[PDB]
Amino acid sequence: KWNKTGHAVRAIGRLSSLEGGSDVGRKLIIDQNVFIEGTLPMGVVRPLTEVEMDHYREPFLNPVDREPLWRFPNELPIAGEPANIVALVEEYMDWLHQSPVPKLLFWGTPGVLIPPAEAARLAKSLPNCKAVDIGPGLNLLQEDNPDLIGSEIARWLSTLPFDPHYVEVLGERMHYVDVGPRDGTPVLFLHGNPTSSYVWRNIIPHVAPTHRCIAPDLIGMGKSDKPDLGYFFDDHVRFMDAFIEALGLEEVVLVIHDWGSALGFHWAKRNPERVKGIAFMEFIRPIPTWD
């Protein structure tokens, strides 16, 4: 039941329109900020300080800037809808099952998007994949066990409060973290909903002394510009594509989470020769039924 309310509140905007025929869900997300005040804390086992909540609250203080919080759950591949997202996601999960790229899967109990039984079955079926039990965790595993994730990523790469940096992307300014050495293969950290590069703040220090760490804020989120868009998945794809190109990235290691995993997997499927490794957690894959 309680595990179900978590998924229910995250999808309160979709279910209100679809099966309840009502707009209360959009009202709760846009006006009451339920995604920030509800879904986000219910995605972490440990309690969050008010300083931490304020960092997560900061990009969405104005309700007009909360469009991505509402559109993202409407894009989740659930029950075959939306059809274009499901086909997109099914396509990159087919590529992942075939790709020999080194993989590293973080998971927790009981998780949110990935139940423990799903993380284990997928870890066995994916080639060159290593699974890491972070212990207790829901959606934001980085906030429950950042030391293990940061340490395990650093070890995995060996076998292969930051200053703000900005780049203009398709007419918009996108903020990103950039630390570590200037040479070698960079590591790209893609956050999801409703977070920013802030969610990687305790993992990057573990990876910084040996590898470049690039952690951008998605358009409309974090310290990035927030134009008047619908913020569909296609919008995020266009901006992340141009972000990778604007930074001159050739080969890359991907560290992705939540909707950032959909972005990373969709980019990797279209640029497979440039992907040197994928570390992922609480990722986007098709959900057969609501049940």
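Start at 1 with the first residue shown and count on from there.
Unmodelled residues of the deposited sequence between neighbouring positions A83 and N84 number none; the chain is continuous. Averaged over CA atoms, B-factors in the entry run higher in 46-54 than in the other of 247-255 and 46-54. As listed in the deposited structure, the average C-alpha B-factor of 68-76 and of 208-216 is greater for 208-216. When the C-alpha B factors of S197, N193, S151, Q142 are read from the deposited coordinates, the top value falls at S151. You'll see in the entry that, of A123, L188, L138, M221, the Cα B factor peaks at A123.
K4 sits in the highest third of its chain by CA B factor, as recorded in the PDB entry. Among all modelled residues in its chain, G21 ranks in the highest third by Cα B-factor. Annotation for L113: C-alpha temperature factor in the lowest third relative to the rest of the modelled chain, per the entry. In the deposited entry, the Cα temperature factor of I36 places it in the lowest third of its chain's modelled residues. When the CA B factors of the chain's modelled residues are split into thirds, the value for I30 lands in the middle one.
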